[PDB]
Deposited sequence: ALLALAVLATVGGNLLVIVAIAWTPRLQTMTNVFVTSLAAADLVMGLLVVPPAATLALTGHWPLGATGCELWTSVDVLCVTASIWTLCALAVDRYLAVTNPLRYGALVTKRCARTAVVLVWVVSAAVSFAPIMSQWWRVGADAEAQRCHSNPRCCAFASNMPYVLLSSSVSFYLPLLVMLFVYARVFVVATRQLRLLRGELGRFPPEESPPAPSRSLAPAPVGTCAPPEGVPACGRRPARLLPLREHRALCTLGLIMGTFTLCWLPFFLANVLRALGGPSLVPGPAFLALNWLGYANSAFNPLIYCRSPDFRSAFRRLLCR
């Protein structure tokens, strides 16, 4: 059904993005360091997370066992946290590129990018493995995985939107002497629509009886959250160089 379509779409798109960045020196920029992390997180979701969920939905029980359930849940949490924090890092990188054009090269260097990616993955690993390594947990994990990145992205992209609109109006005034909204709206709306309902319902499960939202609705929200991995290559790899690399790789 649409399950296999989503799995193939996610795996193929993210693997293609990773390969295109790896084999094309032109695409090996500082921003694409974070795109590589996002694609890796989305690929690992599409390979080791979604098909287990489909098997559990079809059979009504995970076949792996007691260790399998724990491993699946931890891998799901780690991948989701890594994906959201990588989105936040991409937003911050765009913010620094726009608001500090002259000093951008010194601010965001190679070592800084690798350190940020490693820190993102380490924080997600800690968040996912805290219950096994050592209501409050749900709130704290959801706040550190979704809400703080959401606030940071909102602030960053409001600044970027203000700058872009001001520059567009200035250019329009200049050319009349004789699209930021679409891009930013797509970027923020896809992420918010995909993951906001799930974390809203999650916080509800902890603060207040879970009954407030039944079981099937919760799993359907989680599946709505899973769709964000398939859409990310479309959102973050529409540059003409990306399309050219895709055309070269598929045709060869």
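Stretches of the deposited sequence left without coordinates are 135-160, 205-247, in sequence order.
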